[PDB]
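Just the one chain here, the form deposited in one PDB entry, laid out as structure tokens.
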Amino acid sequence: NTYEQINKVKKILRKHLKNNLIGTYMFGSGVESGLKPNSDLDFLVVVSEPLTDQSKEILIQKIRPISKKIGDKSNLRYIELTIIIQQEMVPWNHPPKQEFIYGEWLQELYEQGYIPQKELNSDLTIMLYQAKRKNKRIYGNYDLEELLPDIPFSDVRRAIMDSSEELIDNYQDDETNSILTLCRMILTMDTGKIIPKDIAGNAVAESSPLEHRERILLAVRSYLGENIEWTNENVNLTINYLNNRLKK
């Protein structure tokens, strides 16, 4: 069950962070759009004091058994956890301070003893900007709108352009999400609001040349139920186009 994992994630954070936990909120496809066949569960966690090396590994070990893994024919969904410190957000600075991350793309590192340390993250500005706009409080005495300062849209542009370089250099084995996120970056730069992946893809597609329109529309269907295979499509030509269109 999908509501079963969220209830399990709530218990792990509550009974291990204890009174250090201020609140737990979801953003992403859960609160805004609808969960598409291969969507994920995006959580934003706000705590009071920094976590220790031993406390971070506990989460990695406790979250692992209930999160889908890349390559599974499973009923579970990918669990994404991001932990921020409420005091480290004010005064607002870009990029903000990120305390912890749980990403299934980082799984082959979690197994080798990798423990994410306090690091800066421009992409977290985009995450926080859309989380503060709409989310689901699953635990906490407060709303996330009460725990964060108002994030200016100028820093969101900076986050888009800074986080763009990591995405374009890493589309391999993530072609469907890299194409759509670039489409979401192009719009957010020009329209302001955050758009679901399918709509943002369909919008930038019909605003693009035919050779790129078709590959974007091809990713819109993969984000939905379709089983697209990018083996002989050359996504590089399209992400370079979406890059230069975003770069301009």
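One rule holds for the numbers: they count along the sequence shown, beginning at 1.
Beyond what is shown, the protein has a form deposited in another entry; the following relates to that form.
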Domain assignment check, rigid parts between the shown form and the other one, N141 and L187 | no
Pair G225/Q107, Cα separation in the other form versus the displayed form, closer or farther by 3 angstroms or more | closer
Any idea whether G225 and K69 get closer or farther by CA distance in the other form, knowing it moves 3 angstroms or more?
-> closer
